[PDB]
Amino acid sequence: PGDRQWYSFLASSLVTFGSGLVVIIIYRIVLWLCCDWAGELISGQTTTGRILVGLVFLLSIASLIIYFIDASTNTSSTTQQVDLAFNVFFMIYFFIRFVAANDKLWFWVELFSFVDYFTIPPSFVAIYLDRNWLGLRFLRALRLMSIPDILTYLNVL
């Protein structure tokens, strides 16, 4: 079956998504069957939100660039540690938006949730297993969708 080649890396992402689905199902059951400052942190033109979104966007650019470099040179490293630090920042930001989620019914299933699901656990598995699996880090390029809003936050267009 070749589970180590492809299934091993995607297994972490699948298990994380399944755990999120279990959590959301438990939350729905509790809400139905059973008995912010962070919101300001991801605001728009505000300085804190502007800085946070710009940092996330530039880190996404750097992650895409290093992924392209790895793909070009494809047949530990300093770029691996840089990617690990950027993923740590990304997961901290993900938890920050988690504690600011107005409704968890659509937070765990949101597009950026899928992006981090297919980005970070694959990075963990690649680091632990010491393999050149690219994973789905290219999905970080989806974060480039924040380009116009940042400009709208910088008031250039």
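Per the deposited record, cryo-EM is how this structure was determined, to a resolution of 2.93 Å.

Bringing a nonpolar patch on the surface into the picture now. A surface patch of nonpolar side chains, amounting to about 680 Å² of accessible area, comprises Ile-25, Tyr-27, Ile-29, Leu-31, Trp-32 and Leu-33. As for its position among the elements, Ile-25 is in helix α1 (residues 3-32). On the basis of relative accessible area, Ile-25 is assigned to the partly exposed category, the value being 39%.

So, on to the nonpolar core. Residues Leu-41, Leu-52, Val-53, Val-56, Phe-57, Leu-59, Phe-86, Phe-90, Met-91, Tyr-93, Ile-120 and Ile-150 constitute the largest nonpolar core, which totals twelve residues. Broken down by secondary-structure element, the contributors of at least two residues to this core are α3 (47-72) and α4 (78-99). For this core, the element with the highest residue contribution is α3, accounting for five residues. Core analysis: the second largest hydrophobic core is formed by six residues, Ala-101, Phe-107, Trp-108 and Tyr-117 among them.

Rules and cut-offs
- Residues numbered from 1 in each chain as written, not as in the entry; some residues may be left out.
- Part of a larger assembly, values for the part shown.
- Heavy atoms only, no water.
- Patch = residues over 30% accessible without salt bridge, like charges linked within 9 Å, V, L, I, M, F, W, Y side chains within 5 Å.
- Areas by Shrake-Rupley, 256 points an atom, 1.4 Å probe, with all protein chains shown as cover.
- Salt bridge = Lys/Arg side-chain N within 4 Å of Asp/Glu carboxyl O.
- Helix = DSSP H or I, 4+ residues; strand = E, 2+ residues; numbered from the N terminus.
- Buried < 20%, exposed > 50% of the residue type's maximum accessible area, 1.4 Å probe, protein only.
- Core = buried A, V, L, I, M, F, W, Y, C linked by side-chain atoms within 4.5 Å.

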